[PDB]
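Written out below as structure tokens is the structure these notes cover.
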Amino acid sequence: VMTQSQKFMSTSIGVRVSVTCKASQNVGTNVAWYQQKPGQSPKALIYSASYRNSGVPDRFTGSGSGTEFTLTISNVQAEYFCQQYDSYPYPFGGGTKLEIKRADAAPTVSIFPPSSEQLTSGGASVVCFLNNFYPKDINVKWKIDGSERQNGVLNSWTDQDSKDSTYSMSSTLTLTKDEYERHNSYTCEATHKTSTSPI
Amino acid sequence: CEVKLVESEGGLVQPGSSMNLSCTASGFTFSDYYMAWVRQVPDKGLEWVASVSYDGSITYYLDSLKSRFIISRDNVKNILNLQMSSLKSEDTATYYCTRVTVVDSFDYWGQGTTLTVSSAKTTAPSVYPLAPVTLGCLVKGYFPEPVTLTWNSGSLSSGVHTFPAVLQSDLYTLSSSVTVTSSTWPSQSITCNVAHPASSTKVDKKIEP
Amino acid sequence: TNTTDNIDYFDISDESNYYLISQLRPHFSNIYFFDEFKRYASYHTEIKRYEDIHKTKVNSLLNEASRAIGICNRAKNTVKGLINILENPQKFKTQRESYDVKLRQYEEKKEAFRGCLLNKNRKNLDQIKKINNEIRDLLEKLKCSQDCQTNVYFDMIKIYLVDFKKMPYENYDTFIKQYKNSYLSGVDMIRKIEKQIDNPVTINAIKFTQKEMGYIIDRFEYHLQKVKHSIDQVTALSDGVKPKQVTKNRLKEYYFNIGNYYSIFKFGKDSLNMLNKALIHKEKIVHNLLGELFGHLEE
């Protein structure tokens, strides 16, 4: 039983792009490729490596035999899965998300005080918002009263914006009201490809 | 006329099974093609669940899932049926109904049904407005997780940044921000719109500076 | 041997002529090919799923193709009875209808019976075209890419030749021409004797039995060439050079042709076996009358 996948790949419109799938015990021609939109059902375009279904644009092609397989597509407008349907279990590759190249950008940092209803509710959460930062690589440092805190912070990373090709980062620090009195001001610090921009 | 596959909820269930799924096939001859289902998780789609032969006599189950899952198909009513027993937090999934070719490839896929298995009470979201030109809105402690945020009743689709939800300890949490020009702020000021379909709670509290 | 009691020799082909429907089971030569493909799939693990198709798709087709013939079985008995009055002069006298009006119904009933077997399996015709196409898609499951071994394909030919050796083609070839010679000898005698005799009822009963006999010989002769084409081509491939490895898509064409050629041989052997038995039987009927013709003219 055999399965591989690789890390995500970054290309721009419109160039030819390969996706690499290998695996451990030759399945011959027995491979399948499915396209999955970020919020829609998976769609099958390629079966048996080299054959494409109807309703599939001509730019999608496939190749490879035996152990290694690649998928190349000439033009472009998400995540792609390679499968072995040969033997049980029939496993797909982990999948590689697709992103679009663009010019580098700096993150717009913003700090927000906790909501009035929240301090009544005995809690206090300050969020820092880092938006339109390109590339995706970024770091967030949290310093309370000028002193760094490494616990109680929850962050989430937005999927790559299709319209502007800019990532989005949200960092939230939740903390009881009895510890919000330590400072009356707050700052958000952000490592990125620039002199540190901490506000 | 058109081949398509519909599915049933889905939604929150308790660990002790109590969940069944159905699938409807149209636009093609049910008997000629196999019928399989496929399981989905945030990081997926590796795992695949059972498939059933045309007659319905022989079926293969995942070794892990053979004990707790039963498949059946209704050729007469064009229905594909999944049976689950003793559900687990690993069984939480999205399930896409699939047509299976002779080559075992899945040529067509259903719309998908989202299943969640845990022991978390359904909790309405506390909504908090955020003021400082960035305008934010914070949603905390809301179960179940499937929720959409509307901005200006959908009047501004530019600058909206919906972030992926995060579950902490017991409950999901999510925040979103909107970026509008400073001169547009005074004339028209508007709430962030949070609607919780699973708890059926849709409340709104305007941003206050 | 009063009258013919078996009418299993009628057959009909569609307008495209690709499919020949026989009254003898399986009624379709393609089912024999489907039965013979199961032998191919047993050796290859990748095609082990094909057993489900055979257990369900092909087995139901044989029962479904056989059932469509049963609807025509009642119309068959109507036609069958018409021959008995036409072929027996003493039975024909009770009817006391003109020989031509009794002949006109038979011809229209002959096509109507022929038409039923063809029309009832029309929905089934799309199935046999759908099955073997599905097998073409299934053959993509082999784990080869321009390196498909031809062993299994070639081990079957040496086994087929032994199965080919069991049937005696040469005895059948002698059977037809000598019988067909007697068929000729009967007909050309009748054209000159019909002016000599004034009563036509007894000679018309033969002339009908002879006309139908000529139809039966063609079905035998037609099948004999296809069996001769099946023995020759499969034997010629054994003579041809054998490569161990061929293309995946080509091996599909390799597998199909031998099973295609073999299925006709299997199908022809069944019809050839039945056709001679009906041919010697009609010859037995034409002769019990020939004795009746000569004795009456004496007195």
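Among the residues of the stretch C:190-228, write down those that are among the charged types (D, E, K, R) and either surrounded by fewer than 15 Cβ atoms within 10 Å (Cβ to Cβ) or under 28 Å from C:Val101 (Cα atoms) (or both).
Step one: filter the stretch C:190-228 for residues among the charged types (D, E, K, R), giving C:191-192, C:194-195, C:198, C:207, C:211-212, C:218-219, C:221, C:226, C:228.
Result: C:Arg191, C:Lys192, C:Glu194, C:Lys195, C:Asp198, C:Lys207, C:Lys211, C:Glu212, C:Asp218, C:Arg219, C:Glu221.
Just a yes or no: is a residue in the stretch A:89-96 crowded, with 20+ Cβ neighbours inside 10 Å and among the polar types (S, T, N, Q)?
Looking for residues that are crowded, with 20+ Cβ neighbours inside 10 Å and among the polar types (S, T, N, Q), one finds at least one in the stretch A:89-96, hence yes.
Answer yes if at least one residue in the stretch B:190-201 is under 22 Å from A:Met169 (Cα atoms), in contact with a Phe, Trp or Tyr (Cβ under 7 Å, 6 or more places away or on another chain) and β-branched (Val, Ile, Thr), and no otherwise.
No, every residue in the stretch B:190-201 fails to be under 22 Å from A:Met169 (Cα atoms), in contact with a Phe, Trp or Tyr (Cβ under 7 Å, 6 or more places away or on another chain) and β-branched (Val, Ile, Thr).
Quick check: anything in the stretch B:13-27 away from chain C (no Cβ under 14 Å), surrounded by 15 or more Cβ atoms within 10 Å (Cβ to Cβ) and assigned to a loop (DSSP other than H, G, I, E, B)? Talk me through it step by step, then tell me what you get.
Taking the stretch B:13-27 first, the residues away from chain C (no Cβ under 14 Å) are B:13-27.
If we keep only those that are surrounded by 15 or more Cβ atoms within 10 Å (Cβ to Cβ) too, we end up with B:13, B:17, B:19, B:21-25.
So of that shortlist, the ones also assigned to a loop (DSSP other than H, G, I, E, B) come out as B:17, B:19.
Yes.
Kindly evaluate A:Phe81 against the criterion of being within 14 Å of chain C (Cβ to nearest Cβ) and surrounded by 15 or more Cβ atoms within 10 Å (Cβ to Cβ).
Numbers: within 14 Å of chain C (Cβ to nearest Cβ): no; surrounded by 15 or more Cβ atoms within 10 Å (Cβ to Cβ): yes.
Taking the combined requirement at face value, the residue does not satisfy it.
Scan the stretch B:87-131 residue by residue and report those that are in contact with a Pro (Cβ under 8 Å, 6 or more places away or on another chain), outside any strand (DSSP E or B) and within 13 Å of chain A (Cβ to nearest Cβ).
Once the filter is applied, which keeps residues that are in contact with a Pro (Cβ under 8 Å, 6 or more places away or on another chain), outside any strand (DSSP E or B) and within 13 Å of chain A (Cβ to nearest Cβ), the stretch B:87-131 yields only B:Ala131.
With respect to C:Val187, is the statement that it is over 14 Å from the mean Cα position of the chain (by Cα), buried (at least 18 other Cβ atoms within 10 Å of the Cβ) and assigned to a helix (DSSP H, G or I) true?
Values: over 14 Å from the mean Cα position of the chain (by Cα): yes; buried (at least 18 other Cβ atoms within 10 Å of the Cβ): no; assigned to a helix (DSSP H, G or I): yes.
It is false that C:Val187 is over 14 Å from the mean Cα position of the chain (by Cα), buried (at least 18 other Cβ atoms within 10 Å of the Cβ) and assigned to a helix (DSSP H, G or I).
More than 8 Å from chain B (Cβ to nearest Cβ), in a strand (DSSP E or B) and in contact with a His (Cβ under 8 Å, 6 or more places away or on another chain): is that true of A:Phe129 in this structure? Give the derivation first.
Values: more than 8 Å from chain B (Cβ to nearest Cβ): no; in a strand (DSSP E or B): yes; in contact with a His (Cβ under 8 Å, 6 or more places away or on another chain): yes.
The answer is no for A:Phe129.
Do we find a residue being within 9 Å of chain A (Cβ to nearest Cβ) and out of contact with any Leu (no Cβ under 9 Å at 6 or more places or on another chain) anywhere in the stretch B:63-76? Show your work before the answer.
Step one: of the stretch B:63-76, the residues within 9 Å of chain A (Cβ to nearest Cβ) are B:63.
After this cut, where a residue has to be out of contact with any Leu (no Cβ under 9 Å at 6 or more places or on another chain) as well, the list is B:63.
Yes, that holds for at least one residue.
Looking at the structure I just gave you, is A:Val31 touching a strand residue (DSSP E or B) at 6+ places or on another chain (Cβ under 8 Å), facing another protein chain (nearest Cβ under 10 Å) and β-branched (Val, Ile, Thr)?
Working: touching a strand residue (DSSP E or B) at 6+ places or on another chain (Cβ under 8 Å): yes; facing another protein chain (nearest Cβ under 10 Å): yes; β-branched (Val, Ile, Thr): yes.
Yes, satisfied.
Output the number of residues of the stretch A:52-68 satisfying the condition of being more than 14 Å from chain B (Cβ to nearest Cβ) and surrounded by 22 or more Cβ atoms within 10 Å (Cβ to Cβ).
Going through the stretch A:52-68, the residues more than 14 Å from chain B (Cβ to nearest Cβ) turn out to be A:57-61, A:63-68.
Of the ones still in play, those that are also surrounded by 22 or more Cβ atoms within 10 Å (Cβ to Cβ) are none.
Of the residues in that region, 0 qualify.
Can you report the number of residues in the stretch A:85-106 which are within 12 Å of chain B (Cβ to nearest Cβ), within 25 Å of the chain's Cα centre (by Cα) and assigned to a loop (DSSP other than H, G, I, E, B)?
Here is the first cut: in the stretch A:85-106, the ones within 12 Å of chain B (Cβ to nearest Cβ) are A:85-95, A:97.
Then drop every residue that is not within 25 Å of the chain's Cα centre (by Cα), which leaves A:91-95, A:97.
Still in the list and also assigned to a loop (DSSP other than H, G, I, E, B): A:91, A:93-95, A:97.
Total satisfying the criteria: 5.
Mind listing whichever residues of the stretch C:4-22 are surrounded by 16 or more Cβ atoms within 10 Å (Cβ to Cβ) and more than 15 Å from C:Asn124 (Cβ to Cβ)?
Residues of the stretch C:4-22 that are surrounded by 16 or more Cβ atoms within 10 Å (Cβ to Cβ), as a first pass: C:4, C:9-12, C:19-22.
Residues satisfying the conditions are C:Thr4, C:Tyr9, C:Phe10, C:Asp11.
Determine whether A:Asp159 is among the charged types (D, E, K, R), within 8 Å of chain B (Cβ to nearest Cβ) and either buried (at least 17 other Cβ atoms within 10 Å of the Cβ) or out of contact with any helix residue (DSSP H, G or I) (no Cβ under 6 Å at 6 or more places or on another chain) (or both).
The answer is yes for A:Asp159.
Collect the residues in the stretch B:169-209 that are touching an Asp or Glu at 6+ places or on another chain (Cβ under 8 Å), hydroxyl-bearing (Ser, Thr, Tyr) and within 12 Å of another protein chain (Cβ to nearest Cβ), keeping them in residue-number order.
Hit for the stretch B:169-209 is B:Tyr172, nothing else.
Would you pick out the residues in the stretch A:149-180 that are touching a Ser or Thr at 6+ places or on another chain (Cβ under 7 Å), more than 23 Å from A:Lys37 (Cβ to Cβ) and polar (S, T, N, Q)?
A:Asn155, A:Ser170, A:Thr172, A:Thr174
Inside the stretch B:81-97, can you point out the residues that are of a type outside the set (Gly, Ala, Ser) and out of contact with any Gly (no Cβ under 9 Å at 6 or more places or on another chain)? Walk me through it before giving the result.
Kept after step one, since they are of a type outside the set (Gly, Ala, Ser), are these residues of the stretch B:81-97: B:81-84, B:87-88, B:90-92, B:94-97.
Listed by number, the residues that qualify are B:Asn81, B:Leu82, B:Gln83, B:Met84, B:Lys88, B:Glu90, B:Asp91, B:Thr92.
Within the stretch C:281-299, can you find the residues that are part of a helix (DSSP H, G or I) and over 13 Å from C:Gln210 (Cα atoms)? Reasoning before the result, please.
Filtering the stretch C:281-299 for residues part of a helix (DSSP H, G or I) gives C:281-298.
Listed by number, the residues that qualify are C:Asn288, C:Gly291, C:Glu292, C:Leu293, C:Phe294, C:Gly295, C:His296, C:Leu297, C:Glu298.
Just so you know, all these numbers are worked out from the coordinates, no wet-lab data involved. Counting neighbours? That spans all protein chains shown, and the Cβs are built from the backbone with ideal geometry, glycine included.
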